[PDB]
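Visitor: For reference, the file final31.cif (mmCIF, N, CA and C atoms) is included below:
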data_target
#
loop_
_atom_site.label_atom_id
_atom_site.label_comp_id
_atom_site.auth_asym_id
_atom_site.auth_seq_id
_atom_site.Cartn_x
_atom_site.Cartn_y
_atom_site.Cartn_z
N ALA A 1 -25.03 -32.23 27.11
CA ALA A 1 -26.32 -32.79 26.73
C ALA A 1 -27.11 -31.82 25.85
N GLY A 2 -26.64 -31.63 24.62
CA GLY A 2 -27.31 -30.74 23.70
C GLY A 2 -27.66 -31.42 22.39
N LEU A 3 -27.37 -30.76 21.28
CA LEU A 3 -27.63 -31.32 19.96
C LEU A 3 -26.34 -31.83 19.32
N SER A 4 -26.45 -32.92 18.58
CA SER A 4 -25.29 -33.50 17.90
C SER A 4 -25.58 -33.69 16.41
N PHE A 5 -24.67 -33.21 15.57
CA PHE A 5 -24.78 -33.40 14.13
C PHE A 5 -23.52 -34.04 13.56
N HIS A 6 -23.70 -34.98 12.64
CA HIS A 6 -22.58 -35.74 12.10
C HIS A 6 -22.59 -35.70 10.57
N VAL A 7 -21.48 -35.24 9.99
CA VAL A 7 -21.39 -35.08 8.54
C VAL A 7 -20.16 -35.79 7.99
N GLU A 8 -20.39 -36.79 7.14
CA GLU A 8 -19.30 -37.61 6.62
C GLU A 8 -18.54 -36.86 5.53
N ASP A 9 -19.26 -36.08 4.73
CA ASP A 9 -18.69 -35.45 3.54
C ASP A 9 -18.09 -34.09 3.88
N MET A 10 -18.09 -33.75 5.16
CA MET A 10 -17.56 -32.47 5.61
C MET A 10 -16.04 -32.44 5.50
N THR A 11 -15.52 -31.51 4.71
CA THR A 11 -14.09 -31.21 4.71
C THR A 11 -13.63 -30.71 6.07
N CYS A 12 -12.49 -31.22 6.53
CA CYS A 12 -12.08 -31.04 7.92
C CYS A 12 -11.02 -29.96 8.04
N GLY A 13 -11.20 -29.05 9.00
CA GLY A 13 -10.27 -27.95 9.17
C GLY A 13 -10.67 -26.73 8.37
N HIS A 14 -11.77 -26.84 7.62
CA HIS A 14 -12.23 -25.75 6.77
C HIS A 14 -13.73 -25.54 6.92
N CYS A 15 -14.26 -25.92 8.08
CA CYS A 15 -15.70 -25.90 8.30
C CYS A 15 -16.03 -25.62 9.76
N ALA A 16 -15.18 -26.12 10.65
CA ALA A 16 -15.41 -25.98 12.09
C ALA A 16 -15.47 -24.51 12.49
N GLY A 17 -14.56 -23.71 11.94
CA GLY A 17 -14.55 -22.29 12.24
C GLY A 17 -15.81 -21.59 11.77
N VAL A 18 -16.27 -21.95 10.58
CA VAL A 18 -17.46 -21.33 10.00
C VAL A 18 -18.72 -21.72 10.77
N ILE A 19 -18.88 -23.01 11.01
CA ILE A 19 -20.08 -23.52 11.66
C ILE A 19 -20.15 -23.07 13.11
N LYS A 20 -19.02 -23.12 13.80
CA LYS A 20 -18.96 -22.73 15.20
C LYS A 20 -19.35 -21.27 15.38
N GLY A 21 -18.72 -20.39 14.60
CA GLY A 21 -19.03 -18.98 14.67
C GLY A 21 -20.45 -18.68 14.25
N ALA A 22 -20.92 -19.37 13.22
CA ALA A 22 -22.24 -19.12 12.66
C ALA A 22 -23.34 -19.41 13.67
N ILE A 23 -23.21 -20.54 14.36
CA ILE A 23 -24.20 -20.95 15.36
C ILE A 23 -24.09 -20.10 16.62
N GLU A 24 -22.86 -19.93 17.10
CA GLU A 24 -22.63 -19.17 18.33
C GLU A 24 -23.11 -17.73 18.18
N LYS A 25 -22.92 -17.16 17.00
CA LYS A 25 -23.28 -15.77 16.74
C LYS A 25 -24.79 -15.57 16.91
N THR A 26 -25.57 -16.55 16.47
CA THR A 26 -27.02 -16.45 16.51
C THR A 26 -27.59 -17.10 17.76
N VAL A 27 -26.78 -17.93 18.41
CA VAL A 27 -27.19 -18.61 19.63
C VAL A 27 -26.26 -18.27 20.79
N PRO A 28 -26.60 -17.21 21.54
CA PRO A 28 -25.78 -16.73 22.65
C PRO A 28 -25.84 -17.66 23.86
N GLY A 29 -24.73 -17.76 24.59
CA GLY A 29 -24.71 -18.55 25.80
C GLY A 29 -24.40 -20.01 25.54
N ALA A 30 -25.30 -20.68 24.83
CA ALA A 30 -25.07 -22.07 24.43
C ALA A 30 -23.72 -22.23 23.73
N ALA A 31 -22.96 -23.23 24.15
CA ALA A 31 -21.59 -23.40 23.68
C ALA A 31 -21.53 -24.32 22.47
N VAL A 32 -20.91 -23.84 21.39
CA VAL A 32 -20.80 -24.62 20.16
C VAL A 32 -19.41 -25.21 20.00
N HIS A 33 -19.34 -26.53 19.90
CA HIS A 33 -18.06 -27.22 19.72
C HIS A 33 -18.08 -28.08 18.46
N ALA A 34 -17.39 -27.62 17.43
CA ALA A 34 -17.27 -28.37 16.19
C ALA A 34 -15.92 -29.08 16.11
N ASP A 35 -15.96 -30.39 15.89
CA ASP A 35 -14.74 -31.18 15.74
C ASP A 35 -14.70 -31.86 14.37
N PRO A 36 -13.89 -31.31 13.46
CA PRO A 36 -13.73 -31.85 12.11
C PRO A 36 -12.92 -33.15 12.09
N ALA A 37 -12.15 -33.37 13.15
CA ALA A 37 -11.41 -34.61 13.31
C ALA A 37 -12.35 -35.80 13.46
N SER A 38 -13.45 -35.59 14.18
CA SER A 38 -14.48 -36.61 14.33
C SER A 38 -15.61 -36.40 13.33
N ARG A 39 -15.58 -35.26 12.64
CA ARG A 39 -16.61 -34.93 11.67
C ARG A 39 -17.96 -34.73 12.35
N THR A 40 -17.92 -34.18 13.56
CA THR A 40 -19.13 -34.04 14.37
C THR A 40 -19.21 -32.65 15.00
N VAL A 41 -20.40 -32.05 14.94
CA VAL A 41 -20.64 -30.76 15.58
C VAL A 41 -21.63 -30.88 16.72
N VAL A 42 -21.21 -30.46 17.91
CA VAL A 42 -22.06 -30.55 19.10
C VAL A 42 -22.38 -29.17 19.65
N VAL A 43 -23.65 -28.93 19.94
CA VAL A 43 -24.08 -27.68 20.56
C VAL A 43 -24.71 -27.94 21.92
N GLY A 44 -24.07 -27.44 22.97
CA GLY A 44 -24.49 -27.75 24.32
C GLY A 44 -25.66 -26.89 24.78
N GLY A 45 -26.34 -27.33 25.83
CA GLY A 45 -27.45 -26.57 26.37
C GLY A 45 -28.73 -26.78 25.58
N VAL A 46 -29.18 -25.72 24.91
CA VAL A 46 -30.37 -25.80 24.07
C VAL A 46 -30.26 -24.88 22.86
N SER A 47 -30.74 -25.36 21.71
CA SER A 47 -30.71 -24.56 20.49
C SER A 47 -31.75 -25.07 19.50
N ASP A 48 -32.29 -24.16 18.70
CA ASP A 48 -33.16 -24.53 17.58
C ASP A 48 -32.40 -25.37 16.56
N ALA A 49 -32.71 -26.66 16.51
CA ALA A 49 -32.00 -27.58 15.64
C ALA A 49 -32.20 -27.22 14.17
N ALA A 50 -33.38 -26.69 13.85
CA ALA A 50 -33.70 -26.30 12.48
C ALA A 50 -32.76 -25.20 12.00
N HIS A 51 -32.46 -24.25 12.88
CA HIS A 51 -31.58 -23.14 12.55
C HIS A 51 -30.15 -23.63 12.34
N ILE A 52 -29.71 -24.54 13.21
CA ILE A 52 -28.39 -25.14 13.08
C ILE A 52 -28.26 -25.93 11.79
N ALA A 53 -29.32 -26.65 11.44
CA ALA A 53 -29.32 -27.46 10.23
C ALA A 53 -29.20 -26.58 8.98
N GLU A 54 -29.86 -25.43 9.01
CA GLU A 54 -29.75 -24.46 7.92
C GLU A 54 -28.32 -23.91 7.83
N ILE A 55 -27.69 -23.73 8.99
CA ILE A 55 -26.33 -23.22 9.04
C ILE A 55 -25.35 -24.22 8.43
N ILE A 56 -25.49 -25.48 8.82
CA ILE A 56 -24.61 -26.54 8.32
C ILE A 56 -24.77 -26.71 6.81
N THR A 57 -26.02 -26.71 6.35
CA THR A 57 -26.30 -26.78 4.92
C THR A 57 -25.78 -25.55 4.19
N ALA A 58 -25.93 -24.39 4.82
CA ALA A 58 -25.48 -23.13 4.22
C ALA A 58 -23.97 -23.12 4.05
N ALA A 59 -23.27 -23.78 4.97
CA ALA A 59 -21.82 -23.93 4.86
C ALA A 59 -21.46 -24.96 3.79
N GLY A 60 -22.46 -25.70 3.33
CA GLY A 60 -22.26 -26.57 2.18
C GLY A 60 -21.73 -27.93 2.57
N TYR A 61 -21.85 -28.28 3.85
CA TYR A 61 -21.36 -29.55 4.35
C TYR A 61 -22.51 -30.39 4.91
N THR A 62 -23.21 -31.09 4.02
CA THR A 62 -24.22 -32.05 4.44
C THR A 62 -23.78 -33.48 4.15
N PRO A 63 -24.27 -34.43 4.96
CA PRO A 63 -23.85 -35.84 4.88
C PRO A 63 -24.52 -36.57 3.72
N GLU A 64 -23.99 -37.74 3.38
CA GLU A 64 -24.53 -38.54 2.29
C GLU A 64 -26.00 -38.87 2.53
#
Could you write out this structure as structure tokens?

Guide:
Amino acid sequence: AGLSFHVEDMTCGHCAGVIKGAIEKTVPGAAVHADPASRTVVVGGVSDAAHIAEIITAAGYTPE
């Protein structure tokens, strides 16, 4: 029961590693699970959504 982000234009298998590490590194404890197969990134527990959104955009994978 955390935050969910969905990106259609996200290249799969080349983003999950970046986004997962990027969020987890700055957000300790909270578990980050990125699934490029579903094109969805989920962060459990609690996290600043604004910071995650900057991370996803910074990785260059934003939705239409």

Visitor: List as a list in words the protein and nucleic acid residues near residue A:26, meaning an atom at most 10 Å away when only C-alpha atoms are counted, but skip any in the same chain fewer than 6 places from it.

Guide: residues 47, 51 and 52 of chain A

Visitor: Could you state which residues are captured by the PyMOL selection byres ((chain A and resi 11) around 8) in this file, as a PyMOL selection string?

Guide: chain A and resi 7-10+12-16+36-37+39+60-62

Visitor: Rank nothing, just name the residue among A:53, A:58, A:34, A:1 nearest to residue A:21, using all atoms listed in the file.

Guide: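 Among A:53, A:58, A:34, A:1, it is A:34 that comes nearest to residue A:21.
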
Visitor: Can you list, as a list in words, every protein, DNA or RNA residue that comes within 12 Å of residue A:28 when you count only C-alpha atoms, leaving out same-chain residues fewer than 6 positions away?

Guide: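 The residues satisfying every condition are residues 20, 21, 22, 43, 44, 45, 46, 47 and 48 of chain A.
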
Visitor: Calculate how many Å separate atom CA of residue A:41 from atom CA of residue A:25, rounding to one decimal.

Guide: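 Computing it gives 15.3 Å between the two atoms.
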
Visitor: Which residues in chain A does DSSP call helix (DSSP H, G or I)? List them as a list in words.

Guide: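 Assigned to helix (DSSP H, G or I), within chain A: residues 16, 17, 18, 19, 20, 21, 22, 23, 24, 25, 26, 49, 50, 51, 52, 53, 54, 55, 56, 57 and 58 of chain A.
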
Visitor: DSSP says strand (DSSP E) for which residues of chain A? Put them as a PyMOL selection string?

Guide: chain A and resi 3-6+32-35+40-43

Visitor: Work out how far atom N of residue A:30 is from atom N of residue A:5, in Å to one decimal.

Guide: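 Computing the Euclidean distance for atom N of residue A:5 and atom N of residue A:30 yields 15.6 Å.
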
Visitor: Stretch 36-46 of chain A, all listed atoms, 4 Å padding on each side: what axis-aligned box centre and edge lengths in Å to one decimal come out, as lines of an AutoDock Vina configuration file?

Guide:
center_x = -20.9
center_y = -30.7
center_z = 19.0
size_x = 27.0
size_y = 19.7
size_z = 22.7

Visitor: Expressed in Å to a single decimal, how great is the separation between atom N of residue A:40 and atom CA of residue A:27?

Guide: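 About the pair atom N of residue A:40 and atom CA of residue A:27: they are 19.1 Å apart.
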